[PDB]
Each structure stands twice: as C-alpha cells, then as structure tokens.
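Read the structure below first, then the notes.
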Ligand SMILES: [Zn+2]
C-alpha cells in the first residue's frame with residue numbers, strides 16, 4: 001500500500017524511517033483524472049518493490065507540503081533519498097516513473 005502522508009510531521013516521520021531507501025512521493029489531487037488512472041499501477045508497484053518507500057500527498061489536504069515543494073503539475077512525483085531531492089516527474093507516465101525509480105534507487 002502507498003502510505004498517505006497526513007501532515008508535515010508525518011512526512012518528516014516517513015522520511016526518517018525510510019533510512020537510506022529511495023522515497024517516491026506522489027503529489028496528487030482528487031480532481032486529477034490521470035492520477036486516478038495510474039493509482040492502481042502505483043499500488044502494485046509498492047507491493048512488488050519493498051526496496052522503495054512510496055508515499056502520496058493530497059495537495060488539497062496537505063496544502064503547505066505542496067507549496068513548500070513548489071508543485072505545479074498534477075501529478076508530480078518527487079524522488080528523495082538521504083534527505084536530498086534527487087529528481088522530479090510531472091504527469092502520470094508510469095513507464096517514465098519506473099525508469100526514474102531505477103535511475104534513483
Ligand atoms: Zn484543502
């Protein structure tokens with residue numbers, strides 16, 4: 001299951017518990033159709049790939065997280081590791097997501 005971050009404290013908590021693992025954060029909105037389409041594929045990915053932490057952020061429930069990360073496209077996937085931002089992906093391209101997961105893990 002992809003873990004839904006609840007607030008900033010929760011977000012910091014998940015980043016620390018990830019250790020040295022790649023963390024992929026799906027910034028999404030409930031009005032976003034592509035986000036709904038890739039959502040089941042992202043679920044199976046998190047079930048298949050325990051070597052990566054998959055989080056998601058509802059931009060409308062966690063507005064300040066979205067603004068701190070200057071989100072501008074829906075969806076946006078942020079790639080973080082050991083406290084550093086490594087990469088970003090705009091849009092719901094699942095094959096590019098898989099390629100960026102492999103690149104950054
Ligand atoms: Zn709101």
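Structure notes:
- Listed residues 26, 60, 68, most fluctuating in the chain (Gaussian network, C-alpha, under 10 Å): 68
- Kirkwood Rh (inverse of mean 1/r, distinct Cα pairs), the stretch 4-105, angstrom: 13.5
- Using C-alpha pairs below 8 Å separated by at least 6 residues, the relative contact order for the chain is 35 percent.
- DSSP-defined antiparallel bridges as percent of all bridges, the chain, nearest 5: 55
- Of all the options 50, 90, 73, the one that moves most in a Gaussian network model of the chain with Cα springs shorter than 10 angstrom is 50.
- Stretchable slack from residue 64 to residue 13, in nm (0.36 nm times residue separation minus alpha-carbon distance): 16.7 nm
Read-outs: derived from the displayed coordinates by stated rules, not from any lab.
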